[PDB]
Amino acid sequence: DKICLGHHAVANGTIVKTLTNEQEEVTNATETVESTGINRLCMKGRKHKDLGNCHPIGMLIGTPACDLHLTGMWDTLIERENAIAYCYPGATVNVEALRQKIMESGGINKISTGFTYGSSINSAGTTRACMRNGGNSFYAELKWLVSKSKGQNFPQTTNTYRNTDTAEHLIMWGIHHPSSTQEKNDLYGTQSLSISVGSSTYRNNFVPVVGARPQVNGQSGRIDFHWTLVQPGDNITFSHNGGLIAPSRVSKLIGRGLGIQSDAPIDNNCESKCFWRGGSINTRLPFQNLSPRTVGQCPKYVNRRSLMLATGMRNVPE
């Protein structure tokens, strides 16, 4: 006549790690590291912009790939892999900081500069390297100022943008660096060229430099871009001889949003708060091993493939 105490066991047990014991069999366990991610960008509940082959720099500057992305509002800005910033060859000083600022934004508005040029200036300069529909074009938000009459000296010219708003504007301009001494003379003349730019908080000077260079998109010349934030109530003045690629509109970065760099397809059904190159990560678990480079509200990345957390007792089979 007896009474006996005991506990349960299971046929198939799960092996966990402890302080004293790797390989400890247990009646149950749950994974703590998320290893499965969604191949798509889960955009549900997010007002987002997909830039496609438009580079963020190209939104300020008006690259033709960016025509449908010159203004807008967003939660989430998405950048794709080989996006076009420039049509006419060149580069931008401090571009990665500039790129970050745009990917931290929540939208862009554009504001006309109301710049105006005398009769000796042709401001509808265009180029074979910026195609819109069939034809030669240029950056939509800038203007290639050249002498109306080939070979004549570009007039000494002054244009001043006044920020009359209650928020900082971002202004970009270009400096044209011609391929040949001949190209320079044709557009600007034989005078020494000089461009100075000055606000209350910025001053700089540029001199166009003629040099032999390889052709990029069929062009040996370059245009280098420069930028700066203009504070409210401040004025910025452009002084120039020819070589200034002048802004026709400036930008206002608005609010805050989440910048994603990915090649994943959008999906508006699926919801998420964590993103990486290859997609989305939706999980309860506090750890993931999909990617060390994520953005958003993400679980912490750990090197381990698996960390099983026991949810039962020791497994003791008969």
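Don't overthink the numbering: it's just position in the shown sequence, from 1.
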Tell me which stretch has the larger mean Cα B-factor in this entry, 211-219 or 132-140.
211-219
Return whichever of 31-39 and 247-255 has the greater mean Cα B factor according to the PDB record.
31-39
Which one of 123, 185, 196, 163 shows the biggest C-alpha B-factor in the PDB entry?
185
Kindly indicate the residue among 269, 261, 53, 288 with the greatest C-alpha B-factor in the PDB record.
269
Taking only the Cα B-factors deposited for this chain, tell me whether residue 70 sits in the lowest, middle or highest third.
lowest
By the record's CA B-factor, is residue 190 among the lowest, middle or highest third of residues in the chain?
highest
In terms of the CA temperature factor given in the entry, to which third of its chain does residue 45 belong: lowest, middle or highest?
highest
Residue 99 by Cα B-factor - lowest, middle or highest third of the modelled chain
lowest
Where does the C-alpha B-factor of residue 82 rank in its chain, lowest, middle or highest third?
highest
